[PDB]
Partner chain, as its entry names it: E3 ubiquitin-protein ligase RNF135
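A single chain comes next, written as structure tokens; it is the form deposited without its partner chain.
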């Protein structure tokens, strides 16, 4: 590849010894700019010394891509390129990998962990430091942790040969800025976070960049919601019936939350039902036998209410048949699991109106107008250009399958081939798609491939390799200015559209203010690129000193841990699970329970996605061992040579033995008890 003029212009300030925050839209070719910077940096050293340039890549796909690119480009002059990730540093010494190599493409988390425990005492071992998607420097990003270590070494007084920051990004972003002054302040703060005084943008060779980074045009498609909703009536009646049934066992159900006006099929109702569910978990009775039944019935009632609300939310954006299939799948999973009297009554009450629900869903006179407008614009764009590819975005993982089923089950648009792509999802749930599946989906999506449209989540916003599309569609998709720019930089074809379909003026207003914030960011960058380097260095030094003082001031010491024995009970059945005395912490993050009395309290099931994070190994998954509970208590791992269950506090109620009060914790950091470290003995 020949270095273009604007690429050399962007790489010119970096080949001088000063840190740079070079930014360019998607498709400019910043990887080649970083390659040129790396090539120029590794030759400025005379005979006797060499460089240790490092390259940070957050995501594993882009990490492997950059590693392969650097290998194909640099294994010809005599440089040793390597790469560390989660499946590489299981037992290999990272220090020997860094010392015996010149170019490293490790992930920021591995570097953070090494700097933390025992490896790489200082960042002076490297000479160059490139950050892929450097805009991710934020409150607590690993990039920001590495930069915090860098700044603590710099402003500590004992600084040595510090490396050079060549962090590359596509959109600097403004954050929560409202005017140009706040945008400039945020840009200066981000510049001081990376310890750089130069922002390299394309100014002279702007005509060459526009010949390959052609930006699309945006079209707002605000439509009207459905007026005749016969599906919401039956689901609302079922929700009212379930709420009235739940009010029988809990008279003060309306006082458990401070939400006054709740509406079915919204997010406020979801918050209300979650608050109610959390309030009935700490419900205590001096019987230890009636409290469990009431708590279980309330848990089931709130779960059914949450499922009804989710079905209404799905039907608001998709067809009535999709929410009905979701409800049928939920009730079939309920039937396959434990079947008590409450669940039997709920299932029979649902089946009482399931026939009317099916009759309403089969009626084609109440089709979602949003889907009608989507079909219209899709068929229009595919009649104008048959060789078009769509990257239609959807904010919900449960809605991409609905959109795929709607596209497949529609005779009006048969030229489409769904190529849906969601992502890895939860690491302890059987949801999402794996990395090989994602690679196969992305490889089969080309101009001549077997997929001309993919319904993707926010996974296609950050660094990823997708074909050049021209039919970007945002179906109720809204974010920030950074995500807006990332989405717009996806349709960089020769003439593209960025349609935004929604049924709410709030999304249109948010897109307008995002465009305004992008203009503000551009103006702030243009203003900042005219200041002197000395005053900018002084300003970023002052900002770094202030941030370091703030970070060193908020060093909250560990409070006095409650050295009192308390019991952890199941969150669904309120059954005695274990005690806080037999709780051991492996590596200050994972909490296990030892003892033969606890092994008979849970049951093991095969894990869907086994993997090793640091030194464990997911062998199974633990659930409650009651009559019919099936409550997720944690997971089963193998630390060194023995199988141990590690649990999470987000599924256990903490009851004090002496006082008797119950409290709920979401993370183990909020649980301040006498945590004993794990001993390989016993």
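Positions refer to the first chain, counted from 1. Just so we're on the same page, rigid core means the largest C-alpha set that superposes within 1.5 Å between forms. Shifts are known only where both forms have a C-alpha.
Although not depicted, the form solved in complex with its partner chain is the subject of the following passage.
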156, 185 and 531 - do all three of these have some heavy atom no more than 4.5 Å from its partner chain in the entry with it bound?
no
Just to be sure I understand the contacts: of 126, 150, 406, 499, which is the one whose heavy atoms reach within 4.5 angstroms of its partner chain in the entry with it bound?
499
Only one of 221, 135, 321, 590 comes within 4.5 Å of its partner chain in the entry with it bound by heavy atoms, so just point that one out.
221
Residue contact check: residue 330 to its partner chain in the entry with it bound, 4.5 Å heavy atom:
no
In the entry with it bound, does residue 379 come within 4.5 Å of its partner chain, counting heavy atoms only?
yes
Answer yes if any heavy atom of residue 76 is within 4.5 Å of a heavy atom of its partner chain in the entry with it bound; otherwise answer no.
no
So in the entry with it bound, does residue 161 come within 4.5 Å of its partner chain, heavy atom to heavy atom?
no
Only one of 166-174, 198-206, 491-499, 76-84 gets a heavy atom within 4.5 Å of its partner chain in the entry with it bound; which is it?
491-499
Residue among 489, 142, 83, 173 whose Cα moves 2 Å or more between this form and the one not shown, once the rigid core is superposed:
489
For residue 27, state whether the C-alpha moves by 2 Å or more between this form and the one not shown after rigid core superposition.
yes
Taking the shown form as reference, are the C-alpha positions of residue 490 and residue 503 brought closer or pushed farther apart in the entry with it bound, with a change of 3 Å or more?
farther
Do the C-alpha atoms of residue 209 and residue 487 sit closer or farther apart in the entry with it bound than they do here, given a shift of 3 Å or more?
closer
Tell me which consecutive stretches, at least 3 residues long, show Cα shifts of 2 angstroms or more between this form and the one not shown after the core superposition.
26-28, 482-493
